[PDB]
Structure formats: structure tokens, C-alpha cells
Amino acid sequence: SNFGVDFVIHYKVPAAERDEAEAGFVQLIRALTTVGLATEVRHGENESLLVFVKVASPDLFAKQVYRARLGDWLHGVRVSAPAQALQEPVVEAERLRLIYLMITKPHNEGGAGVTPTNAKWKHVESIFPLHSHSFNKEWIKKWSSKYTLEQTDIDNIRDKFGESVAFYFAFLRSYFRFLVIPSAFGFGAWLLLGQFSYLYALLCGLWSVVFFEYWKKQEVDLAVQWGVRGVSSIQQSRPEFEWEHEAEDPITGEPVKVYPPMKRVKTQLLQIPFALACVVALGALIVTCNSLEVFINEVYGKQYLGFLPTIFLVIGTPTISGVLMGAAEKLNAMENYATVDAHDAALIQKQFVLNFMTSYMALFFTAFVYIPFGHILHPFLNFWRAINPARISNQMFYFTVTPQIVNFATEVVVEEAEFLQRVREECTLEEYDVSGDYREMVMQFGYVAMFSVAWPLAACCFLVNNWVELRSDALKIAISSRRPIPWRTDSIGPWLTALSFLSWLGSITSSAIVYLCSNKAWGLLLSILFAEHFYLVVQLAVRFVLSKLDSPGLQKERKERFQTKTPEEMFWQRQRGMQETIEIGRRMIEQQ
């Protein structure tokens, strides 16, 4: 039970530079009082001083809310611009978002910049909302005692934690529900269809298309249901953006904050050497592991040891990749991005490329380098001094079951005093990052899309993992993280593109595997061509079918629209009246 505290600011103050901090402390408090926020300073753990921030008067917040609504209508995410009409009430998500905007936005936008990165607030560590322990307990208990989740649970998640967390949980729920179809015909193929079935690959591609398009429709439906349809158009300035000078684009009077694009491109070009070095190092590691496993297969008991290195490889996956992820972040911090959307998209692209490598390159080597060309691992036995087509199937099994275990291990198993202690322990937790969960789900989807044909049972394992994850991530948000700042998005974002890629490549990969493990380059090229064009045709057909489904968003929009809803002139003086024209026409008929 919180004490009405809306936000908490850390404001670490070390004794080495206390003086510069001390005056800065007052520079904080006044900077809040001018915005109409009541402040509450209290003791902090490890030479810190947490300050609690709440709304001073409800009238100021109502007006702020009204102002926000007006802007949202201006940018087009609202239907009609509405101050005593609150009886659309203010949910906790949007109230917290507006409080964060008041605390964060500069004086130009009616706020007061307390950004903990760019400005003089170098002693402010984190500004975070507090957790509702009763709500978290009820949420966990309700989700852990139900086999399925209706839209009511996702709506509650939206109301409490914002639209980003709600969109992630909706995507996870839809993906888990759609994983039932694939799981069914994967078990069917495993039971009856022998090994490396081509029709299973076709069904997997069809399911990938169907799920991707249906989710693209469902996210639009959800965005319309909430009030966040079109937020992607609203560009948000990044506080960390460093400028060179301020210009004035001759379209508006706004003094834009310019940065030479060529300077940014000169840094973005540093991604190519980084990606090449990462791919070379990981390729060397995977080649070494494959050579060692081939040597341990050739030279002798059980068959579990044959892929023992591969297991270890994935055990090293969350470390190695993690390190790489950090580098990616630094790279994304080196190229300046003036928009939150652009920065997020670039970071997501870099992380997706790195995780794609670290998660799929071993399978790619096993399927398209070792099996077709089984004469390059000669050097393999030569160095280790002291062709099985089921290799890809066993590698897929070990890349399905064991990474699930390692991710579960990483994520799950690893009169005022009580409230103050709770806040103090909350500040040490890490801020929730939904991009990591999105990346994990996208990686699993890619596994299903382009490698489940080797082991069709992978879909069932991923379905069980997704059911467990729908509650594991809820528990992680509830007790293992600070409450995320409630943001607003109309979609899962650039991850959508990733999904499409992982679908398309799947159509080329799966069928190729089917040709390369069931037994001439002509046949392989023909199979790849047929699979890719079948994928494209199915994509067109599914898009056409879903374009004629009459989604609630469209009828809601058209309902709103409906509710809103001399000789040159003597030519006409000859017969000016009414009856004379008819009479003359009748005479003209009689004559001819």
C-alpha cells in the first residue's frame, strides 16, 4: 500500500562531491515546485536521498490531462477533442505517463527538464514509479490459476503498466495461441511423416504467413481499442541527443536542433567492421565446436556426449551475446539519434543481428556447410590430435530443449519504516526492458520458422515454454524489476520487420534442409524456388483475405465519421419559362 506517491527520484549524492550535489539538490526541488508537484524528501540507502513526487492539486493535473488530450487530438491519435468530462477517466498508466512528462519535458513544453543524463542533473540516478504489491499479488495469482487469458487481463495490464507491456503480453498470448496449430501438425509429421517432410515445411511457411498477418491485424485492432492508434507518428525528442547548432527549417518557425547526417553516417559505418569481427569470431568458435564434436563422434558409452559441446555453446550464449549486446548499446550511444523511435529501431536492429548470429549460425553451419560439403572438416580431425544427415535434427533438438532451460535459469531462478524499506529495496532493482523479451520471442519464432523441419516436435516444446513464459515474465515484472514508465505504442515496432524476415528466410531454409537431408544443385534450386514463391503467393492470398474481414477499427472509425456528419444570350431567352419549353418540345416531336 503506497502513500499516494506518484514517482520516486533517487538523486545519489556522494561525499566526494557533496557540495556540487547539495546546491543541485535544491535545483531539483524548486524545479519540481514550479510544475505543481508536492515533494517529500527521505533517507536513501548508500548515501542517497530519495524524493517522492505527487500531484499538488487535482485541478492542475486535470488541466494537464486536458492539455495532453488536446495535443493527442492534434496529432490525430484521438477521435475528437473533449474539462469536467472526466466521467474517459484517467487510468494509472496515462496519469503516470503525464507525471513523467511533467518531471521530464523541458520548460518549453510546459514541464521542467529533470532528465538524469544530459542536463546538470548528473546526480539524479533514476525516476521510477512505485509498485502496487496488492495488484501484483492478484495478477500473479489470477494468471497462475488459468489455462487461458482473455482480453480483460491484457486490458488490466494496459491500465496498470502502459501500452508497451500490454502490447508485449498481447503478442506473447497471440503467439502462444497460434503455436498450437504448428505444434499439432509437427507432432503429426513426427509421428507419421518420417523425417524431413516437405509438406511440413510448406505448412510451417503457411502458418508463419498466417500468424504474421493476423497479428498485424490484431495489433491494429488493439491500438484502435486503446487510445494509441498512430502514436508512431508522434516523434519524441531524445534528451541524450547532442547538438552542433540550431537551425530553422523553412517550413516551420520551430528552431530545429541540427546534427550533420554525414557525421552520423561516418559512425554508422563502424557497424560493418564490428559485425564482420563478430561473425568471424563466432564462426571460428562454431567451427571449432563442430570439429571437436565430430572428432569425439569418430573416436570413442552414450550418444549424449556427441553434442556435448553444442550444449555448452548455448550455455555460453547468454554470456557472449550479452557482452556483444553491451557493445551494441555503446555503438548506438556513439551515433547520435534525435528521436526515441530511431534510437530504439537502430538498437533493436543491432541486437537482432547479433542474436540472429549467436542463435542460428551453428544450425546454419550444420545444415548448409557440413552436410552438403562434408570434406572441409578434414582439417577438423587433423587439428584434434592427442556424413550423418540426422546431425541437423539432433542439433535442432539440442537448440530447442536446452536454451529453454538456460533462459529459464537466467530469468526465473536467478509507522513509516516498512514503506521506506520497500522503496529502498525497489531502487536497487533493474528497469524492465521489454525489448529483451521481444527479442527472445522473435528468436524462438525464427527457430520455428526456419529450423523446426529438422525436429518437428520443437513447436510443442516452444508452446509449453510460452505458456510458462506468460507467467514467468509477469513474475519478473512484478517482483524482479521496477515498474516501467508507461509508454505508448501502436505496434510491437521494428520487431515486426524481423518477424517478416524470419518468415521469408524460413521458406528458403526449411525446404532447403528438406532437400539436403533426405538424400544435384538443380533439385535444390527448384525446391528453394518453389518454396519461396509458394510463400509469396500465400502471403498475397492471406493479405487479400484479411483485407476483407471488417475489423472493429474500421467500423468504429466510419461510425465516428457518420456521427460527426445579344445573340450570345438570346439562346436562352427564346424559351425562359417552364410550360413553354414543354410545349415547344412537344411541337418539335410532332414535326419530327
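One rule holds for the numbers: they count along the sequence shown, beginning at 1.
For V79, the fraction of other compared entries lacking coordinates, among those that model flanking residues, reaches at least a third. Of the other compared PDB entries of this protein that include residues on both sides, all give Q563 atoms, none of them, and so not a third, leaving it without. Missing deposited residues between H43 and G44: none, as the chain runs unbroken there. The gap between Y300 and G301 holds 1 to 3 unmodelled residues of the deposited sequence.
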